[PDB]
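Every residue, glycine among them, receives a Cβ derived from its backbone with ideal geometry; neighbour counts consider all protein chains shown. What follows draws every value from the coordinates through simple rules; no lab data is involved.
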Amino acid sequence: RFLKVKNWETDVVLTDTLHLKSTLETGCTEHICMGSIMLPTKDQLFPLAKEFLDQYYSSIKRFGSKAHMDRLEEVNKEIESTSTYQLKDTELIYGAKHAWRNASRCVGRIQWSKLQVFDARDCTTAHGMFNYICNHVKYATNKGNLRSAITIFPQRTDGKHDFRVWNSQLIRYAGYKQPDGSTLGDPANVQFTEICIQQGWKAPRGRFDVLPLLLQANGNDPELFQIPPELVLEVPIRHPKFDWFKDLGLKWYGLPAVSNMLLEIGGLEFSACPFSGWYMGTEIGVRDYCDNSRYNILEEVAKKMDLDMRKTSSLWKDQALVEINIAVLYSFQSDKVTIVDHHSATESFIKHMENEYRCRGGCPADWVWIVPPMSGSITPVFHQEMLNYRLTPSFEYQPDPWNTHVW
Amino acid sequence: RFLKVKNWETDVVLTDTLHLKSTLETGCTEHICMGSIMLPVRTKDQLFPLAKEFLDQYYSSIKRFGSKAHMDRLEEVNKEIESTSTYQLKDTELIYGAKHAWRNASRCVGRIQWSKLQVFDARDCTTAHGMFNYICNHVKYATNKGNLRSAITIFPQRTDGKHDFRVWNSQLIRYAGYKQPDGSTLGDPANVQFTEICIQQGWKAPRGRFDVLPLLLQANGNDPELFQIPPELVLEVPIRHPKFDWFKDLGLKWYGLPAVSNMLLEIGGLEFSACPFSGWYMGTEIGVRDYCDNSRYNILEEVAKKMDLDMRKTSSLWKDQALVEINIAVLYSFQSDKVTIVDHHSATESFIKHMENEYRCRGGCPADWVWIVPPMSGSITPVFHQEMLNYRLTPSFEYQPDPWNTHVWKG
Ligand code: HEM
Ligand code: HEM
Ligand SMILES: Cc1cc(CCNCc2ccc3ccc(N)nc3c2)ccc1C#N
Ligand SMILES: Cc1cc(CCNCc2ccc3ccc(N)nc3c2)ccc1C#N
Ligand SMILES: C[C@H](O)[C@H](O)[C@H]1CNc2nc(N)[nH]c(=O)c2N1
Ligand SMILES: C[C@H](O)[C@H](O)[C@H]1CNc2nc(N)[nH]c(=O)c2N1
Ligand SMILES: [Zn+2]
């Protein structure tokens, strides 16, 4: 019941006690492990509220104070009366920072405490949401010296009045299907790029068109808005060796800003809570550029490098993959946009595990996601045992809004 | 209960029903996942149902379930059990058992080869010298002048746990490791403890960087004995690079036959504590882990200097760039010397096909994603994008404690 984790490269062992707090379920059983699966009322609300307030007040060393008790009372009375309740700013901020801290799939959590929280609970319209988002984008970009942030729109009420950002990231490239069966732009966004067109967007039908925002307020129909171009920082991708690389015509954006997740704090559900940090290089170079069902550029780059693509055993894909990822890091750095490489990022995460085990008694972590999609075993996390479990406050997935929206 | 797995590259979805036959436990609960943890004397009481389960599988596979031959066998085994407290497998059953153990090995990417497996029955072995002989024949057969054949040698099953046969080596062929007084390690650091044991048992160590370790063999619960595999039976490959002519001067080589000798084979409740088996290498085992793990030969630095990479900051990806070349060299070297090897692209592609086949013909294929995905270039292999279910089936290969920790010395 008290669990040990071993790093097999360093022989270092940490004991985990924090998992004994875990509330939610994992999808695994004693019979079957599901670690590689991508997606595995008033009486309900009050224990949730209580668990949260308990940990909040413990976190400030006022556990079992009158302030604690009064607040427990105050929220308890409010749930009874209003069937829901509202978070004090302090609790909202603590809740958001802790949802990040609890994200077992996040390699960048060493940053968790330094998060800018933008309280957008006063928001009422899609225009309002647009304003809030532009301000977030500008703050977080910070002329390429990226700062982490989250903007939080009003909590769910009766589910019929949800705030939702329909995009998966605030900033993403469009995806169009071609007459000749192929796909121009980002294949992962073809369906969303259609819905935008279905609602009125006029697409430049280019390879790298920044998608417009589809913003839904108070359950209403979503509206289109274009992020001012001057607020969308982008990076042209060149290689510090291959002059021909620039001719490939690749760029990517600086701000990774996830907008489709659901934030849960003390039983309350924030269905619109866009957040952002900064990229780890492999996200773009390995996944976005080289995934088969994405921009899939391995062949072209290989041909430009004139590699023997006859046999798999030449490891030409591996060779190219490295070069591509060099270029990504090289470009971002050269243009002074914050980015971290997978070695630096994973090394920091080991340090962060050390801290968390020491000061919190553990750190939930999903090895399958923490280990980068290239060069796995030359990064320290590969050799690091990890325990995966579910802590709250949390970021959770939620259905795409189109499959749910009564128009 | 039916379960669905998805490949997120191809949208292919499969349904698992096979997991329903899983009895053993995973280490996970609905409250915690231990999928990345490395490590998760038997009564006649608990033994017969195991025997029965195994035999029902066996007879189903040969389409004789419910037959008079099936039933007489259950009877035979039952009686033999309650009289002798154990039982003997037929040759047919041992061969089925061995193959299926491999087949059920959820951490093995090479399982498309599972039904092609040479089983050597060594249950008549009684001594360590007898063991050495059987093992030599295994190495010669499996090596086959470079054209590798999968094989396993099966020594007698456990009786009272006091008469175990054990191979003390973790692999039949492996290089020594020597800790120096200056704290540095000469040879393979992973084998320092064992090398010390061998030295202690009288091995005269050449003390070089690639010394093939002597065999340390235990028969019938007796103290282990040392033997030297005939050099002419040990196929090695010097490592060179196709474009970098300085690579040969790095002084690297590796042995050709990966033969794991420290696992335990469970079949029908019986325990085979000595069951060395062998296949052939996937390049990354040597190229990524053996050479580039920090705790192993750790050659990234030296290789990087010689390629003249910018080693001052990690964001040049010098480590990644050297890793690739080292792996190119390993594959190139083996193919040039006509020694069987498979690259990680070919290996993972075939495993996906194998797995798809297993869902059709068998209703599932337990797989451990953490181990199946190669240690380099993960997401440009199809397995990275494949959802997998991981569960335990028997017959199976299990870990067991190192014999030096348990062994009772006779003197
Ligand atoms: C600041 C630097 C950050 C870095 C370097 C970083 C890195 C990463 C990476 C590489 C992933 C895997 C994403 C993927 O492969 O799709 C990830 C996942 C995740 N990150 Fe972080 N992240 C950062 C900031 C943040 C922030 C500010 C939040 C929220 C406040 C956050 C929450 C999450 C969550 C919830 C996941 C899991 C996402 C999912 O399940 O799809 N991260 N992070
Ligand atoms: C024929 C060529 C084969 C290839 C290319 C292959 C490939 C692999 C690889 C790469 C691993 C990961 C090992 C590691 O990273 O430490 C593995 C694991 C494993 N293989 Fe295979 N394999 C082959 C044949 C076999 C055979 C003949 C058997 C037994 C009859 C077998 C049984 C296993 C088992 C039980 C594991 C789990 C390793 C462990 O838990 O220590 N494999 N295989
Ligand atoms: C269901 C699903 C999930 C995902 C994970 C995406 N997660 C992005 C993400 C989230 C948070 C991040 C934080 C920082 C950062 N640099 N990148 C970050 C990237 C991909 C595809 C599907 C599908 N289908
Ligand atoms: C506890 C532990 C376990 C392991 C598993 C090694 N597995 C090797 C292996 C086993 C079977 C193989 C079959 C074929 C092949 N080509 N390589 C194969 C390699 C490694 C290190 C430690 C440690 N410490
Ligand atoms: C099948 C598997 O669960 C899936 O491909 C996962 C693997 N690990 C991942 N790891 C990260 N960081 N991001 C991902 O999208 C995935 N995909
Ligand atoms: C801690 C972690 O489970 C450990 O490093 C595992 C990860 N995946 C692996 N995969 C293979 N094939 N071989 C290994 O030794 C490991 N090690
Ligand atoms: Zn699990």
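Descending by average beta-carbon neighbour count within 10 Å, the peptides B:366-379, A:128-141, B:104-117 line up as B:366-379, A:128-141, B:104-117, the highest first. Across segment A:20-34, rounded Karplus estimates of 3J(HN,Hα) from the backbone phi angles (6.51 cos²θ - 1.76 cosθ + 1.60, θ = phi - 60°) give 5, 8, 3, 9, 6, 9, 9, x, 8, 9, 6, 8, 8, 8, 10 Hz, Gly and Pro being marked x. Could you give me D for segment A:248-407, from Stokes-Einstein at 20 °C and 1.002 mPa s, where the hydrodynamic radius is the Kirkwood radius over C-alpha pairs? Units µm² s⁻¹, please. Answer, rounded: 116 µm²/s. Straightening the chain between B:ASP56 and B:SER170 buys 37.7 nm, computed as 0.36 nm per residue apart minus the Cα-Cα spacing.
Hey, which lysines would be in cross-link range of A:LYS6, C-alpha to C-alpha under 19 Å, not counting anything within fewer than 8 residues on its own chain? Counting by Cα, and skipping residues close in sequence, A:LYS6 has these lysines nearby: A:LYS351.
Per-residue mean of foreign Cβ neighbours for A:11-20 is 1 (Cβ atoms of other chains, 10 Å radius). Candidate cross-link partners of B:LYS410 among the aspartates and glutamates, defined by an alpha-carbon separation under 12 Å and a same-chain spacing of 8 or more, comprise B:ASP223.
Per-peptide packing, taken as the mean over residues of other Cβ atoms within 10 Å, places B:349-356, B:320-327 in the sequence B:320-327, B:349-356 from highest down. Taking each of A:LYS303/B:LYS243; B:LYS253/B:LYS306; A:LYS88/A:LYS160 in turn, the alpha-carbon distance tops 21 angstrom for A:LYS88/A:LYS160. Take the cross-link list B:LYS179/B:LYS204; A:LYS4/B:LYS162; A:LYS317/B:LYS319 and give me the ones stretching past 26 Å between alpha-carbons. Long pairs (Cα-Cα over 26 Å): A:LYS4/B:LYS162. Diffusion coefficient of segment A:230-284 by Stokes-Einstein, Kirkwood radius over Cα pairs, 10 °C, 1.306 mPa s: 113 µm²/s. Normalised by 2.2 N^0.38 Å, where N is the number of residues, the C-alpha radius of gyration of segment A:1-150 stands at 1.32. With both labels modelled 7 Å from their Cα along Cα-to-Cβ, the B:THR314 to A:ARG105 distance reads 2.3 nm. On the principal axes of its alpha-carbon atoms, segment B:23-100 has extents of 46, 29, 21 Å, going from largest to smallest. For the protein assembly as shown, the antiparallel share of DSSP beta bridges with both residues in that region comes to about 85%. The trypsin sites (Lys or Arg not before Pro) of segment A:172-210 that DSSP puts in a loop, and whose beta carbon has at most 12 other beta carbons within 10 Å, are A:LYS202.
Adding -39500 (n - 2.57) for every DSSP H run of four residues or longer, then dividing by how many residues chain B holds, sets the calculated 222 nm ellipticity at -9500 deg cm²/dmol. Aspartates and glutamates within cross-link reach of B:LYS99: Cα-Cα under 15 Å, excluding same-chain residues under 8 positions apart? Once the sequence-local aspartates and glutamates are set aside, what remains near B:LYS99 is B:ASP91, B:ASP121, B:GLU266, B:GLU358, B:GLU398.
For B:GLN400 and A:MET69, a Förster radius of 51 Å and the Cβ-Cβ distance give a FRET efficiency of 0.40, rounded to the nearest 0.05.
From other protein chains only, count the Cβ atoms within 10 Å of every residue's Cβ in A:380-387, then give the mean.
4
Per-residue mean of foreign Cβ neighbours for A:308-321 is 6 (Cβ atoms of other chains, 10 Å radius). Here's the picture: charge each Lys and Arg Cβ at +1 and each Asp and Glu Cβ at -1 in chain B, and of B:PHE48, B:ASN405, B:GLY364 the one pushed furthest to the positive end of that dipole is B:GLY364.
Rounded to whole Å, the principal axis extents of the Cα atoms in chain B read 71, 61, 43, largest first.
Starting from one equal scatterer on each C-alpha and no solvent at all, send me the Debye-based log10 I(q)/I(0) for the protein assembly as shown at q = 0.07, 0.08, 0.09 Å⁻¹, two decimals. Here the Debye-derived log intensity ratios amount to -0.62, -0.80, -0.98. The modelled label-to-label distance between B:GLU9 and A:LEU39, using points 7 Å beyond Cα along the C-beta direction, is 2.2 nm.
Here r is the Cβ-Cβ distance between B:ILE81 and B:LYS338 and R0 is 45 Å; the resulting FRET efficiency, rounded to 0.05, is 0.40.
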